[PDB]
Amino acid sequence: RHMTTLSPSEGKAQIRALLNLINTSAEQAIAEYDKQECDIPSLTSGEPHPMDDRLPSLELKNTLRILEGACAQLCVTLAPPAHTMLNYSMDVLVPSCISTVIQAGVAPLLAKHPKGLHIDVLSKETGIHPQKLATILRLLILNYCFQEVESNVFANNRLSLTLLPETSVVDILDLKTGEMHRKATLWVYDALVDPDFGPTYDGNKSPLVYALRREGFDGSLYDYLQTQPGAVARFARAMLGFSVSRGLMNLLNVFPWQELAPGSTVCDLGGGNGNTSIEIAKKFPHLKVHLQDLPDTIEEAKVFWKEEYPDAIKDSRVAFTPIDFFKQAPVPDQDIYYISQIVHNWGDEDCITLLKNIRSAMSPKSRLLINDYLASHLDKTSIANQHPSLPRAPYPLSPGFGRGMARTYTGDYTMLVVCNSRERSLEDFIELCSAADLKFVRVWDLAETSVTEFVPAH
């Protein structure tokens, strides 16, 4: 129409530019589906789309960042503030419903009956009152998870299929919506102003540990998981699925592993089982990988590598060396030292200690890759003056990608309430590395976390 141009203003120009971002991003997402020769996904189909279990392309993830940011900004601009804030206040409800239907096994039950089940059958099988379960299901269905095929007859759709026990994402969805995460957010303010739990970032003083203490539990997160049967393996699968659902394997496509000389060494410092190094070695057979972690984890990793990629052990392309990376330096003269989701778990002093340990082991050919969210400040000046190798949100998105980069900030807050740690900005990382005589090179954007590269300064 003409409503953006009849009585012109800067605000109308910004609305029209948001509309342009939405339209062009949607067309680019269509192009991504065309590139893979796939049709557009359906929210009513009862079977997965071919790309549901595939690594999302970098282009699709960047597109979605812009599309989600622009849609969110457009709606929040045009709606009355009380409307948006009321909806925010009720956003706890959908994750509550997800946890409830996971506990009730609704999605596997519906997978046994793909054409759908009447709500009385679901009630008989779950033990939940049929109208209460229908209330839960309809809130999820309104949000495109499950579907109502006839009145009071419910079926799976492509979003509820992520809740099947076999998928790679059900465990992280179960953990993030689960009772432990709900306890972590139950008394956040009280923990933050508590004279003992408030002032420090100590591991045993998170809001989760505060809630556990307040209910009579003695022990940290670790101990709490150990006391819950089958919960440590649940947490491990959840971490793996958190990496998978976020498309972190796009590392393999962003950093130029193919341009490293044959025989180059990648030291996966603190890589646990080496789930990343194993993919690097599988995809780039000209590289050698070194897994370093705690001795027990190193034995688990030897078994894991024997399971999944014995060829690397037979070819002498994988090596394993135990380490406590706070007390000893890693193996020297590696071409790459890779640390992923390690810095955001420790305070500044321990990080500087680890960074100095890494720096002491490096040669002129060495570099350090840090895989972590970059939790940038949200003022216009910080965003404008960021390093040009960082992705920049297009006009008129603000702050940055807005909701399009939500997981950087929901991640940070999660780190606070569950682990009492924090994500850091690019400036924070540069300052820590500079204290360890490491000079910044550039950011390798994964459209989720970022891989920042540093080299020995002197």
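Numbering starts at 1 and follows the sequence shown.
As the entry records it, the average C-alpha temperature factor is higher for 429 to 437, out of 30 to 38 and 429 to 437. A summary of the deposited B-factors shows that, of 368 to 376 and 346 to 354, the stretch with the larger mean C-alpha value is 346 to 354. Considering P80, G272, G241, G116 together, the PDB entry gives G272 the largest C-alpha B factor. For the set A211, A134, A233, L93, the maximum C-alpha B-factor listed in the entry falls on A233.
The entry lists a Cα temperature factor for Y88 that places it in the lowest third of the chain's modelled residues. Sort the chain's modelled residues by C-alpha temperature factor and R317 lands in the highest third, per the entry. When all modelled residues of the chain are sorted by CA temperature factor, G219 is found within the highest third. Residue-level temperature factors show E125 in the middle third of its chain, judged at the C-alpha atom. Annotation for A184: CA B-factor lies in the middle third of the chain's modelled residues.
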